[PDB]
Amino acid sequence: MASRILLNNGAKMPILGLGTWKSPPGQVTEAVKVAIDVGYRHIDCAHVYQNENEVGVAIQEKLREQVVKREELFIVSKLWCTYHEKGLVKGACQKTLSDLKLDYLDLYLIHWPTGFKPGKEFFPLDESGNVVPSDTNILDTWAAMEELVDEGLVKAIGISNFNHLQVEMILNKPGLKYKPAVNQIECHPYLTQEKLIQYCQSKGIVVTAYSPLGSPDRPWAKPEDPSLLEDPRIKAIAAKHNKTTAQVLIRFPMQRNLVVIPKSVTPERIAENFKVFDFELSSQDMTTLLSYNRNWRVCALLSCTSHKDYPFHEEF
């Protein structure tokens, strides 16, 4: 299987990337350096992760070392919810570019479909704990994203955590100039996303699977939640293939024509997670993994559930 997938902007995107949410700032520079050394060419970032400066130090060092050329890297970031307004989008993108020490992004995503009140706080709340919306809509935010392409700041634009109706809304936008290249969504054997993936793929939008290992380090994890990495059924498939459970969990989305972005700051795991291009899951393995769906989400948030554009009320 090829290492890159063709996007609808004509560029190629590496199907395996390194995630950086929760990667501590004192560890992520080394994580990204190791990742590039062992073959990663795609890094998934976001302003809200609060570590783009440190990710950027690694990228810049490897460019300076001539370990890789800029054209060989595929750097992704995301517009945070408090920057959905017309007059804030460019500055938000530029702050990310400055922190990453880049002059363009390969892909810039609307991080969530919901706009929040601008200000210092990433999650502005009312006194009862509800997020404070902005009156921005996804269509006007999309127009602002299109401007970034036309200014040379980003090579591709896309969306993240958009449900099928929200994706449709963008595709049906009056005067749409650039289609979204990517929809980045949670996807793993407990949240298999067949419906949304089929819709996006049918429209030529590439899907990136986040939290492919079930995000065991998510800060809201409870001791009782289901655990992909410990599921004996998945362990059995891994054993049959002489691979680790994580390697199976990474290979799974790859064979569905998805991009996948496992996170690690552990050098041995960063390397392990990349060793997924030399085995194949059978069709029976794939269907068996799909059968584990339970509609379980890592990534949901009670404080945002009343926002008009909260994505997870819809079935898909």
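Position 1 is the first residue in the sequence shown; the rest follow in order. Between two forms, the rigid core is the largest collection of C-alphas that superpose within 1.5 Å.
Remark: when the other structures in 4 other deposited structures of this protein are fitted onto this one via the rigid core, 295-303 deviates more than the alternative among 295-303 and 14-22, judged by RMS CA distance. Comparing 10-18 with 294-302, the higher mean C-alpha B-factor in the PDB entry belongs to 294-302. In this entry, 83-91 has the higher mean Cα B-factor, the comparison being between 83-91 and 108-116. The maximum CA B-factor among the listed residues 150, 186, 103, 168, taken from the PDB record, is found at 168. Of all the options 252, 49, 40, 277, the entry's greatest CA B-factor is assigned to 277. When the modelled residues of the chain are ordered by their C-alpha B factor, residue 139 lands in the highest third. When the modelled residues of the chain are ordered by C-alpha B-factor, residue 64 sits in the highest third.
Among all modelled residues in this chain, the alpha-carbon of residue 27 has a temperature factor (C-alpha) in the highest third. For residue 204, the recorded CA B-factor ranks within the highest third of the chain. Only modelled residues enter the ranking. Sorting the modelled residues of the chain by their CA temperature factor places residue 130 in the middle third.
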